[PDB]
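Chains as they are written, first to last, in the UniProt record's numbering: chain A, 28 to 123; chain B, 357 to 410; chain C, 14 to 128; chain D, 14 to 99; chain E, 29 to 718; chain F, 51 to 175; chain G, 96 to 212; chain H, 43 to 250; chain I, 98 to 145. For each residue, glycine too, the CB sits at the ideal point set by N, CA and C.
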Amino acid sequence: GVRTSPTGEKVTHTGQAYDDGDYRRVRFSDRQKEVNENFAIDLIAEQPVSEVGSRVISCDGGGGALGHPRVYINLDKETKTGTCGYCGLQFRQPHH
Amino acid sequence: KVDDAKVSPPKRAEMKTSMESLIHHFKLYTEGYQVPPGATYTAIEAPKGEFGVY
Amino acid sequence: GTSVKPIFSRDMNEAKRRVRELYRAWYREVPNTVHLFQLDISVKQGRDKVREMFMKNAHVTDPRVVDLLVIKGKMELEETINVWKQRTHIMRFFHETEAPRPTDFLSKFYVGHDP
Amino acid sequence: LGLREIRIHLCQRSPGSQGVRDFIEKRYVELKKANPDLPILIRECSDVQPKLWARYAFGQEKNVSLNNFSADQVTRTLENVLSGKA
Amino acid sequence: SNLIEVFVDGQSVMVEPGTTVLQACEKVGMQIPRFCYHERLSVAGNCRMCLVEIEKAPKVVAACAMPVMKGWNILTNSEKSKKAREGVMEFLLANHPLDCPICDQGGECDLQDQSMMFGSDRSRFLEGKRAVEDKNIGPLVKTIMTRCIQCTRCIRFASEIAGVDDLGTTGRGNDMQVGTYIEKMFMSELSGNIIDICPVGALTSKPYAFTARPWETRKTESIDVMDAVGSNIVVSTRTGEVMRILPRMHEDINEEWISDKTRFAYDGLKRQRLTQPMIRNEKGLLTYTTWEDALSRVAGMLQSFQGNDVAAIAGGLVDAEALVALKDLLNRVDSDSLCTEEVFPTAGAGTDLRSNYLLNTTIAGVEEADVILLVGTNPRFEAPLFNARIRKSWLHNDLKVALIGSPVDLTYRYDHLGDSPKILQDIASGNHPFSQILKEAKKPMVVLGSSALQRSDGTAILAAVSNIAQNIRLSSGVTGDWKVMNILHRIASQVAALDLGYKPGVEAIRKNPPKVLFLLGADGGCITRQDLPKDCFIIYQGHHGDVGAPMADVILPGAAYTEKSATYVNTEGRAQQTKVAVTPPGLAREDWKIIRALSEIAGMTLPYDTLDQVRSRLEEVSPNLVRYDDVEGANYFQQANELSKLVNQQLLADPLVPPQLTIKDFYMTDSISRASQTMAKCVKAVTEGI
Amino acid sequence: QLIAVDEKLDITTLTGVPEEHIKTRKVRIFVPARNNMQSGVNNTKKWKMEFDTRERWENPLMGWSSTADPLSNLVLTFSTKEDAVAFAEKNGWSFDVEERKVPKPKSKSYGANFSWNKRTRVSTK
Amino acid sequence: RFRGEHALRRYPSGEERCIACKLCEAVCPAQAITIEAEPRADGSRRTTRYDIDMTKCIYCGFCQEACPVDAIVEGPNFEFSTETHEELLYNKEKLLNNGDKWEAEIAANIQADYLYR
Amino acid sequence: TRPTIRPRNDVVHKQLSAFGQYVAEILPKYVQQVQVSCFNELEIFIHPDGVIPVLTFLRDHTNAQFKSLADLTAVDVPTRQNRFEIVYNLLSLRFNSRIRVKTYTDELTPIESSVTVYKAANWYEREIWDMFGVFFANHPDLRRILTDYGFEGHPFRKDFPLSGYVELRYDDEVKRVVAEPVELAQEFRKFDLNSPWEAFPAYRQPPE
Amino acid sequence: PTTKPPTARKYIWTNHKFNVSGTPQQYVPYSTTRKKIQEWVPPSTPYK
Ligand code: SF4
Ligand code: SF4
Ligand code: SF4
Ligand code: SF4
Ligand code: FES
Ligand SMILES: [Mg+2]
Ligand SMILES: [Zn+2]
């Protein structure tokens, strides 16, 4: 999700962009500013919400021992979704 | 490695499955294990001669 | 009493004699150092630097400290005479590439926070 | 020449500060109501000695020792300070 | 005398009766594992981690709640004690979440460290864990309840220390949870301490989240300047940046806590800072310039005028060094118009006697009084730690508290006499029942707040309060050295200014409007340009952009309290010093250094060049400012009363009203906390829940 | 035999330290305060000596934290306050000493939680 | 098991694996890793700075052992010589680009060794 | 207790204790303490004046015969009045045993050179002088061994900074390598790792 | 990889790049964090 700045400089996922006044932009002359193209926030926002039939669900990130430590998520709040603190995947209970 | 998680790190599956293993992995990779006070001179037969550590 | 043991000297007089002997040796050596190392300084500059190095710790009143200082001076003289030292080591005594650091309050206030 | 402030540094329980303590306990109030617009700052010293400070115009000041002085002596020197002498 | 003998691992210890096993063990340097026991809170006994074996006793005892008995032999390192510790740690870790890499507690966690030191190294739990839902208790304390170990430390702190009963437990057994059972923000002036007391990552700081690890931080020990309590703190820094503020234990003062403004307003320092010298250009706009140019302009305008024309005002966060330097500089110009924004009555003794304007009893002395009278004060917001000490004495010593003023909520029950100041005269004349109550009290205390001395009739009020203290000292005699008379300050720079001879108030400026004004961190808005003649030269020295900066002609950037070694004087009269944690940003400098450099430019150079020389000057002017923990001083109440009873100005028919009536007006009071985004969030949260 | 010196110990000329980092430094002799996040007290047993904090600035490249004073990380450990004072004095550094802070003993009573007439009674457990 | 140029990895959804625990920074024997972090706009625990000085690194592989989510790895690449010193001071963008570039091989290498770990 | 715990040899422990008692009996003029560690290492604490007699006895006695100097080094403990601890590690080929001899000194008190007793000691003493500043009397040729020519200070002392006081670079104006005060692009980051909870009860100190 | 293809991911590069050191595409390092201290902005209107 790269957007350009008024000076034409690409904006990183962290949000750092040099100001017009700043002299440090000279380091990119005749060269390029390295920016990763895959914003992880937009990618994780694209994942669908899982629906499960229990008050507590477990997430390990997938792949067993190739994921993150296994944690358990409470799903009692009806007007929200439980989010894994490692992976960012969302879970909920079937409503309406 | 010695089956003592307060010295040797546990396996990755254990660290990702059980609470004690994760705590011990965290502490061994951030602070490290404490060694009791004392002094030793240990020497081996290295290929170039006697190699020692005080 | 304070029950202390010496290194070489018993009181300050013997220590001063050793200091004078070391000063004589360095003063004699300076011209040979200028010749061998191909220094662009004069012999007068070298002897002034030797005198300044000696005066840098003229306030010492402990004979043991003076004894150790003389031992270190002899070590440095041995390094210079045998050419273990290089031209860069000899010229480090003069600080030729260091910009002067002002000592009054106003300049220190202008440049930074250091006292 | 123009006095601006008076400072007295007396210690809490030193034997030498006994006279200044007695003076403050007895005759300070009279002096204060005699000079209702003069700062007389009472402060506490550490174990060194008692003292009295007098400040004049343009930042000039000098100090006089009050060690072992009695109340009469400190009153004397204080009223010498509050007049154009010494 | 009545000491008994007990043995800890075969070593004889003599202890007072009622001493617990844990205390007997720590008498010889052995710290027992604990999770629910806090030495400043009620004993709970719930965690069970403190279980130890007593010799010849089949059952282990809870060291935190069991009184030692004569001849007992505690065995802190026996097999039974170690096995009890291992079992309890196993039960604690069974349902705990694998959250250490995402937990802010990681690296400074009691659960982690005690698992490493007293528990096993592996798990045999083969079931699924529980997970509870999270709670919202405000914008300050982050809540992740799954990590809770049910210590109940937060509930006890809220009930006993903060006086707020909003925290509790619902349900039973495994399902039991800690919270409020409804959506309700736990908002208190001391609320942020539950983060410190919570041993796990269940309660954490929300402004601090995810920003640092404990092994990274460098610790600097300094003093808090957000009020006149002078709480001891630790500044955590990493790579030249302030990361957070932590309490530092000082038994006489704060003890183990800090107020929420002390803890969370540090973010204020980051924004709206003066970093370069500024002057006015042709268009009347402020423009960046060098130090030399601004100093030259100020020196020229200082040489241009003399005596009464030159004036200065000191703000609420100024240190002693800068105050004495500015006083000396203005004295060289033959000026005495050195003033502070906070007003103290000048009638009679005034600032001449140190006892007249100080809290004589002291913070630790509150624990000995049995009757305290508060007049025109809101201690909870003005001095939250002083109010906490009052509540501690109310809870543990049955202290009787009465208030004169508007009925604020103080978190404890007090007796309300009224708000009309006529009650002061009724008590003084003996025509009040509370006069009889004070007459019979062995160790009475009367506390008058500095916020009630801000009124026009404030000087009369001081005399009335003094009359009450004289009546108490007369009828009840002399209890020795009790110092019934007290004054409670709310500004960190006030007492040091008073010690230095600075004129209290600001009326001298109004009666003699100057042409050259010095604003040393003065952001109270007491004097605008209406009160001054036109084309007047105004110089502002500070660290923030606030009320006083846009009205000035020259701006000199100074250092905040985290960026210098400075001297501050407490309300009690104790003098404490800060330490440099991070250097001042940009071109900002130390304040006394700025004043000394300006004096050199102006030609009237000051004698002192280093900080030690400035502190020698401070010793010359007032020797109590270099005694860095001393709080004992002579008492001159009798002379002050004599000099105060000669002027008889009348009171005012206006009920005493504290400046901060409610919690919302507590958060933003000074320059730093006005620039804090966390304080703005707190104000928004208290004015609307949502 | 012995020589019986009667001077004061001063080794500054032998340590090789530059003159700036001897006269302008101020060390602090103190026992570190307990980290308020933990209940353990094992880090408040020894005395510590550290130097005054100097300037740190941002590196133009990479934005790292730069320093120019060599003593920014030096921390010493001593058994007693007198040992630290002696070390600082013989090394020529000026110092400030802070007296050790100890938590005062407290009177704990589990029965006070349920008092008949006192305010110590607790509403909840 | 070969230890090469470093990389930062993602979950299959594209979300980053790194959670700013700073274990790799703590364990690094050369102090070659510098990390800063803050809550992301959606509340996630993510870094804002992740720098590795490759002229400080000893290529010991301790960082990838310490990582609890396999976020930082030493990838198989070893042909990355540069013409200037500054090209070897990696920031977060460079490491993420390396991860996206070498994931196809890194995942296969991890699949072949994780049972020994 | 069986699989993960290192085994302890009682017979060796008894022999080393008896030999320590033997050495202490033979040289009461210099021996201040004799200790045997639980992992079977014997230490002998002596007065500095007994460096030469003790080492000579341990080298030449028929029942000792520690003819090889394995290692000689120093340890700096700033909290002690005598700052420096001198450690000799000796190995006996005849009896297949090792021994450790310890003494102490401060900045201004020389220690006698042990070069006459052991040829190997000449370099070790030079390293001790270079790294710690301990002077050895009657050394054949005492001078710096490890540090750069003209280097000032002793870097192994606790007070000495890790990165030193000066750095080196090449300067084109003077066309040589120059030394200047250290400036670091990234400051070394200090870590506070020690746990606030005690680890080893067997080593707890009395509360003074 | 013909017999054993790698796993397909949406973020893996579809175009391999070689060593670009010494070219205009070379990597240039920079700080990825935002400003720490915000300065005070003086008012744009006169004061008298
Ligand atoms: S509070 Fe729990 S999750 Fe957090 S570090 Fe401690 S043990 Fe780990
Ligand atoms: S939130 Fe913290 S203090 Fe409160 S019960 Fe849970 S663990 Fe204990
Ligand atoms: S491989 Fe080793 S030296 Fe290199 S970054 Fe990882 S931990 Fe540090
Ligand atoms: S790379 Fe791994 S170890 Fe390093 S901070 Fe990120 S999650 Fe922690
Ligand atoms: S500390 Fe005693 S039961 Fe919790
Ligand atoms: Mg907590
Ligand atoms: Zn997940």
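{"Asked": "Where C152 (chain G) sits in the DSSP three-state scheme", "Found": "coil"}
{"Asked": "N236 (chain H) beta carbon less than 8 Å from that of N93 (chain F)", "Found": "yes"}
{"Asked": "DSSP state of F145 (chain F) mapped onto helix, strand, coil", "Found": "strand"}
{"Asked": "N30 (chain E) classed as buried or exposed, judged by whether at least 16 other C-beta atoms fall within 10 angstroms", "Found": "exposed"}
{"Asked": "Residues bridged to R211 (chain H) [DSSP beta-bridge criterion]", "Found": "H:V220"}
{"Asked": "Assigned secondary structure, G86 (chain C) (DSSP; H/G/I helix, E/B strand, else coil)", "Found": "helix"}
{"Asked": "Interface positions of the segment 385-397 of chain B facing chain G (Cβ-Cβ less than 7 Å), listed along the chain", "Found": "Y385 and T386"}
{"Asked": "Any residue whose CB is nearer than 7 Å to a heavy atom belonging to ligand 5, listed in chain order", "Found": "E:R62, E:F63, E:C64, E:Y65, E:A72, E:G73, E:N74, E:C75, E:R76, E:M77, E:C78, E:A90, E:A91, E:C92 and E:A93"}
{"Asked": "Inside the segment 112-138 of chain F only - alpha helix (DSSP H) runs reaching at least 4 residues", "Found": "none"}
{"Asked": "Exposed unless 16 or more other CB atoms sit within 10 angstroms - verdict on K107 (chain I)", "Found": "exposed"}
{"Asked": "Under 7 Å by beta carbon: chain H residues contacting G408 (chain B)", "Found": "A112 and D113"}
{"Asked": "Neighbour list for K383 (chain B) in chain E, Cβ cutoff strictly below 7 Å", "Found": "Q140 and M144"}
{"Asked": "Any non-hydrogen atom of ligand 4 within 7 Å of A256 (chain E) CB", "Found": "no"}
{"Asked": "Residues bridged to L132 (chain H) (per DSSP)", "Found": "H:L111 and H:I141"}
{"Asked": "Residues in the segment 146-163 of chain G having any Cβ partner in chain B nearer than 7 Å", "Found": "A161 and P163"}
{"Asked": "Chain H residues whose Cβ lies nearer than 7 Å to that of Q126 (chain G)", "Found": "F230 and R231"}
{"Asked": "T368 (chain E) versus E:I189, E:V89, E:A550 and E:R557, residue with shortest Cα-Cα distance", "Found": "E:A550"}
{"Asked": "CB contact check: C128 (chain E) to chain B, cutoff 8 Å", "Found": "yes"}
{"Asked": "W243 (chain E): contacting residues in chain B (beta-carbon distance under 8 Å)", "Found": "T386 and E387"}
{"Asked": "Contact test: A125 (chain G) Cβ vs ligand 3 heavy atom, cutoff 7 Å", "Found": "yes"}
{"Asked": "Meets three-Cβ-pair contact criterion under 8 Å: the segment 224-237 of chain E and the segment 192-204 of chain E", "Found": "no"}
{"Asked": "Contacting residues, own chain, Cβ-Cβ under 6 Å from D252 (chain E) (five flanking each side not counted)", "Found": "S259, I261 and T290"}
{"Asked": "Span separating the alpha-carbon of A84 (chain D) from that of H22 (chain D)", "Found": "14 Å"}
{"Asked": "Check: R175 (chain E) C-beta below 7 Å from any heavy atom of ligand 1", "Found": "yes"}
{"Asked": "Closest Cα partner of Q74 (chain H) within the set H:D91, H:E83 and H:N82", "Found": "H:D91"}
{"Asked": "is_contact[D132 (chain E), chain B] using C-beta, thresh 8 Å", "Found": "no"}
{"Asked": "Residue closest to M144 (chain E), alpha-carbon to alpha-carbon, out of B:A369, B:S377, B:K357 and B:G405", "Found": "B:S377"}
{"Asked": "CB contact check: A399 (chain B) to chain H, cutoff 8 Å", "Found": "yes"}
{"Asked": "Beta carbon of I86 (chain H) nearer than 8 Å to that of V93 (chain H)", "Found": "no"}
{"Asked": "Member of H:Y72, H:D113, H:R101 and H:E225 whose CA lies at the smallest distance from the CA of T398 (chain B)", "Found": "H:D113"}
{"Asked": "Environment of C179 (chain E) [buried if 16+ CB atoms lie within 10 Å]", "Found": "buried"}
{"Asked": "DSSP state of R140 (chain G) mapped onto helix, strand, coil", "Found": "strand"}
{"Asked": "Residues in the segment 105-117 of chain F having any Cβ partner in chain I nearer than 7 Å", "Found": "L111, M112 and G113"}
{"Asked": "Where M696 (chain E) falls, given that 16 or more other Cβ within 10 Å makes a residue buried", "Found": "buried"}
{"Asked": "Coarse secondary structure for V358 (chain B), derived from DSSP in three states", "Found": "coil"}
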